[PDB]
Every structure is written in structure tokens, then in C-alpha cells.
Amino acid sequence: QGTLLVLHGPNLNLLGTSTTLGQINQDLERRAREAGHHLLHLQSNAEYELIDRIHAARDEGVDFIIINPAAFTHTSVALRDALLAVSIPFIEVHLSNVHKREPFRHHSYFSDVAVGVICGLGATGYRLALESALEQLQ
């Protein structure tokens, strides 16, 4: 029934270069497909590429977003506003537990407008957000 888009923010191209981004993406696509949905993804170190991808999603039939903004979590109001502009619900994912880290990482420009948040559960957090999204879509 639906289309999901997974967005990965900056530096995540280095993951497991220990699970890689490619491994995460293939597992998500597989699980989405088994449940009858279509899943797309993009990683970028460029804020504008992520913004543009979100704008495209509005005009392409995307029903739900799963985003790991990574360092942009704490900085990119522009990505927050892209999500809000297109009115596509999303779940925020973080690999590491930000509460264990520097105070600046405790603030997110996403969390208050996300459906929910998964933090600190490593690469598995993405598939957990996908389980949630599949329910949210019914």
C-alpha cells in the first residue's frame, strides 16, 4: 500500500568502513517489500540535496519518512522546515545515544515534530522505525 523514503544525513557514508549504510538500506528495502510497500533512500553530506529530495517526495507519492539527520539533527532548521512544508509524517533515528554525549547533542530540530524518536540502538534502530511506520500507515 505505501511508499517510504529513508534519509541519511552527513558522515553516515562512513558507517562500518560493523554495519554499512548499504546493509541497512538493503534490509529496509527487503522488509518494506515483504510488507507490500515501496522504500526509497538517499544519503548525502549536502543539506540542499536532502532538502530537494524531500520536496520531490511531496510530488512523488511518498507516504512516510524515516530520517537520521545525524549532525544536522542539532543544526538544520531548513530540513525541519522541508519536512513540515511537505506534510509527510516521519520518525527520527539516531544510532548513538545522544544523552550520553555532549549537551549540544541533547537538542533536536526534529523531535518535536516527529511521530517519534529511536535513539542509541545502533543500525537496528532503522528497522525498528520501519516496523512502526508500517503500523502508522494502516
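We number the residues from 1 along the sequence you see.
- In the deposited sequence, the stretch from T17 to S18 hides 4 to 9 residues that have no coordinates.
- The question of which stretch, 38-46 or 25-33, has the higher mean Cα B factor is settled in favour of 25-33.
- Of the two stretches examined, 59-67 and 75-83, the record assigns the greater average C-alpha temperature factor to 59-67.
- In the PDB entry, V93 places in the lowest third of its chain by CA B-factor.
- Among the modelled residues of the chain, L121 sits in the middle third by CA temperature factor in this PDB entry.
- In the PDB entry, a CA B factor belonging to the middle third of its chain's modelled residues is recorded for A133.
- Per the deposited record, the Cα B-factor of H99 falls in the highest third when ranked against the other modelled residues of its chain.
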